[PDB]
Structures are given as structure tokens and as C-alpha cells.
């Protein structure tokens, strides 16, 4: 066991879906997997393993923000043999053409965190997803007739930002959604030589102020989950 995960090697599948909300992981396990079993619950950070169409798949919360998800992702990779991480998150939109409930896929993630500069000799690391995982997710979406935008996320350090003018800069630069984790997840994946992807559902609009309820974020973002799960199967086939 680790300080953060009360599980043993083998308890996780080699692919893990990760929302920041452990109650969304519970929702995913109970409603999309067969034979689901809870495998960890330290700090209430619930993780589960079950099967989807014959395929062993895990789902586990990562908490909010880069330093939180970095602990969980690093442990899964280095202690539990995990090969692929798919973050299944929420995000706030800054572009007028991107609506609440749209699904976006972060091929890259910008950030105002220092973590990748710490890794990368204070130069610019382009925090990117694994291409084949991006392609598999886009393809899974198309097959279900779900529209997705593939582009840059922005992984924010401060949800309550003292610099809101930066949202306009994000919009100008084509950022598809604001969250707080992907750039960190992609940094860990590169560091440890694993593969990662972040898929998010727009849960609020930073410009219009439109919101979803805590309950909707927890229980109703089903399209991203279907896309994520199908993309796992597509990945196995190639």
C-alpha cells in the first residue's frame, strides 16, 4: 500500500478512467462496469475495478488540481502497473461557440503551474496527450454521433483567479476548456513513460456564467464516459 491508495498490485486494470470527483468515479463504476469492486478509499478517494465488454477497466478519483492528481497518477503508474490514464473531467468554456455539455478532448494542455518547468530545466514542455488515445477517443465519439472539439486545455492553478483577463488570452489562443489537471497528468505521463488523455465535459461557461449543479457534474456526464470506455476498446484493437 501507499499513503494514498490502500490497494495491492493487481487491483487495478492497466487502463484507469479518472474524474477529479470520487463520487463521479463511484457513479461510473456502478453504472457502466460489470462486476465492479471498490479497491481503495483513503481520504475518501474512491477507486474501483470492473469489466466493460470483457475488458478489465478501473476508475478512480484524482482530487482537484495538479498536485493532487499528480500523486494519484504517479502511484498508479509506478506502483500499480498502470499504462494509460484517461481523465474524464469537467471544464469551463471561454469561447462563445463552446456550450455547456459539449465534450472537448485536450490534445495539449497549457498551464500556469510551475510543475513542467521544474521537470524540464525551466524550458517550455508542450504537455500533450498520447496521439493514438486522442484518435481513438475522437473516433469513439464519431461512431456514437457525438460532436467533440480536439485542442488545447488550460490547466489553471487558481480556480478563483486574481487574473481574470487571462481568460480572454485563453480564448484568443483557441483554448477549448479550462480545468486544473491535464497539464499535470500529461507531465507525469511523459516523466514516467506512460500514456494519458484528458476528455472533459463543459460544466460551466466562464463568459456567460451558465452553471451546472454539483449533482449534474456527478451523475449526468454520460457521453464523455461512453467515449472514454469505447476508446479503450478501440485502443486494444490497433
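Numbering follows the first chain given and starts at 1.
Task: Segment of higher mean CA temperature factor, 201-209 or 178-186 - done: It is 201-209.
TODO: Output the stretch having the higher mean C-alpha B factor in the entry; the candidates are 142-150 and 121-129.
DONE: Per the deposited B-factors, the answer is 142-150.
Task: Candidate set 55, 43, 26, 62 [ranked by C-alpha B-factor, highest] - done: Highest C-alpha B-factor among the listed residues goes to 55.
Open item on the list: Among the modelled residues of this chain, does the Cα B factor of residue 49 put it in the lowest, middle or highest third?
Closed with: For residue 49, the deposited C-alpha B-factor lands in the middle third.
TODO: Would you mind ranking residue 95 by its C-alpha B-factor against the rest of the chain and naming the third, lowest, middle or highest?
DONE: Ranked within chain, residue 95 CA B lands in the highest tercile.
Open item on the list: By the recorded C-alpha temperature factor, relative to the other modelled residues in its chain, which third is residue 38 in?
Closed with: For residue 38, the deposited C-alpha B-factor lands in the middle third.
TODO: Can you work out whether the C-alpha temperature factor of residue 87 puts it in the lowest, middle or highest third of the chain?
DONE: According to the entry, residue 87 has a C-alpha B-factor in the chain's lowest third.
Open item on the list: Which third, lowest, middle or highest, does the C-alpha temperature factor of residue 101 belong to within its own chain?
Closed with: Highest third of the chain for residue 101's C-alpha B-factor.
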